[PDB]
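Next up: just one chain, as structure tokens, the form deposited in one PDB entry.
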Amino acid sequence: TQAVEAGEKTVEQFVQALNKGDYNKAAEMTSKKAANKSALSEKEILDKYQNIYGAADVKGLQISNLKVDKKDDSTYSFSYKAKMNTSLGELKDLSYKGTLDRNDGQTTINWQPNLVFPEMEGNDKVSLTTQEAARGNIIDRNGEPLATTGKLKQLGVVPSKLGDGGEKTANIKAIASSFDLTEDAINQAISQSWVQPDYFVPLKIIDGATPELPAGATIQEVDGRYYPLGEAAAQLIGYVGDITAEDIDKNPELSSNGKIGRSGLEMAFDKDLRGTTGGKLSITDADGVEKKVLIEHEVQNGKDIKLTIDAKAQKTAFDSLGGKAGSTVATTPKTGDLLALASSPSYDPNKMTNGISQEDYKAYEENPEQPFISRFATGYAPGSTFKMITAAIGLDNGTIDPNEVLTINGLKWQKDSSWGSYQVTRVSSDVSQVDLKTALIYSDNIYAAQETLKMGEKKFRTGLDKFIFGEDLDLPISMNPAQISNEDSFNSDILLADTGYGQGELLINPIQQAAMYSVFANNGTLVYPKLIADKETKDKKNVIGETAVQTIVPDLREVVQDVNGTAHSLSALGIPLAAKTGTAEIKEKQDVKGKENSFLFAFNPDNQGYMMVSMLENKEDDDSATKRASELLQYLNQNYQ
């Protein structure tokens, strides 16, 4: 019993070395090679575990129900149950048996082939057959493909079928101008270290009709992931890349020959899309004939994922951004169906997944406008659009009377001289008697600032805490919860007023904005947005009063219909619109000289069919989200009542 304690420790140390992948330490715990002792030397045990466990990608060896007895002055037997993870799943309920050896002072293990796998005897071999699973598709709300696997034609050249130095240099220029490729880059491709004369060096993937093939140009059909919308949904969908050896070490169920989602929904739904590897893990005898099947199951393809996205709305929303920095979110506000999640500028997902040069990839990362950012999931200051919420809160707690006129003379105002040089600014001084309808049409920041200070921080945060601030939305998109300020108290009348017109320490991403503003399409009920089609419509009752909704929405119509409304350019559509524009100022967020973001909110006040929140980040002069909304508003109005 004094030595049985060391035997149970030796078996525990041996399993840990196998689990940790250090087969040399596990082999050094075995006795000398002899009959009725260890069956192989330390190096022979190392090369057998490295072969068998390495082939099946064994990871996470865990044991239980250990028992170590005695049988002689040196023969102590042990037994335990174990489970392990392989390329074909978990191998559980394994019965292991063996004997330890207590000689001299230390206790070792009489190694046997049955300690690799239970029923292995002598010179038995192990074989592994696998069949890769087909990756599932990502489809929109009407079944249109957003991410699928198809047969893409690949362009490539064979250096031997080119020329001889003089005739070769002519076809390189001929094959470069007929496919829009840099002639200096084609020579770069056939100059890689892996290239041989009679090899097919791939160049690009033709996404259309195949032109004329010069001397040495060949087209080979290959299978790969394809994104029909390309840039228009690259941030949302993402891309898949080659699976590396480090990916297999973290999850051996992955197919070494397959693709893995690197970003977007391809990565978020990688498990459901990649399926399960089929095949058989069996123990053969010395000749190679099967004698024991450890694991076997049929290949299961990946499940399709159906989104609430409208492909025609996703493409239109992205194209309307004209390559500028910004994003657009379109929802059906009564249910929360995310119709479009566009972010601009964007990258080419087909280029990323079908091989891309380190220059084009560095161009994406060195781009100042940062196309890799999912801007619909990035928090921004809401802008003057937030005045809708501030007004609704003031109407609910009785601070704001819709017909009461505040006297606002000039273009600047401050509470007292304690504000120093800071003054809430105004765009027009033509209306000195300002009511709620006037303040929403002209976007009067002074009105919102005075009513917020009159409301007070306590009453303002009471209505704000009824929204989704600090909540993690149940969406497969990585985002941080919205915030009112950095701390739980403004501790500043200036910050309280700035938050009043949506320009304080507020941080709300476009998706969360569409969630908050949905109260104006559901009589004060907040409807959470959903991206997966089969999910249930979750809402939140009594966020703002229905009395406030029936007061603000008529004024939001006037933001479009009134001749001095900030969204009057949208009245050309001739459709029922309720809108609220916004322009936020960001001063040296990193460091600059003054950048401003443009915002637009709009929805149908008659049928509540659609809702839209578009924005431009670091906008150019005379550019805005309202300028670019006619096309998307037209489509959403006709197709979503």
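Residues carry their position along the shown sequence, with the first being 1. Residues that one form lacks are left out of the comparison. C-alpha atoms forming the largest set that superposes within 1.5 Å between two forms make up the rigid core.
From this point on, the text means the form deposited in another entry, which you will not see here.
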Checklist outcome for this item: Of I356, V431, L94, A133, Cα shift of 2 Å or more between the shown form and the other one on rigid-core superposition seen only for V431
Checklist entry - Taking the rigid core as the frame, does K589 move its C-alpha by 2 Å or more between the shown form and the other one? => result yes
Checklist outcome for this item: One pair moves by 3 angstroms or more in that other deposited form: the C-alpha atoms of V559 and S429, which are closer
Checklist outcome for this item: Working note: in that other deposited form the C-alpha atoms of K619 and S429, off by 3 Å or more, come closer
Checklist entry - What moves between the shown form and the other one once the core is lined up, counting runs of 3 or more consecutive residues with C-alpha shifts of 2 angstroms or more? => result 429-431, 588-592
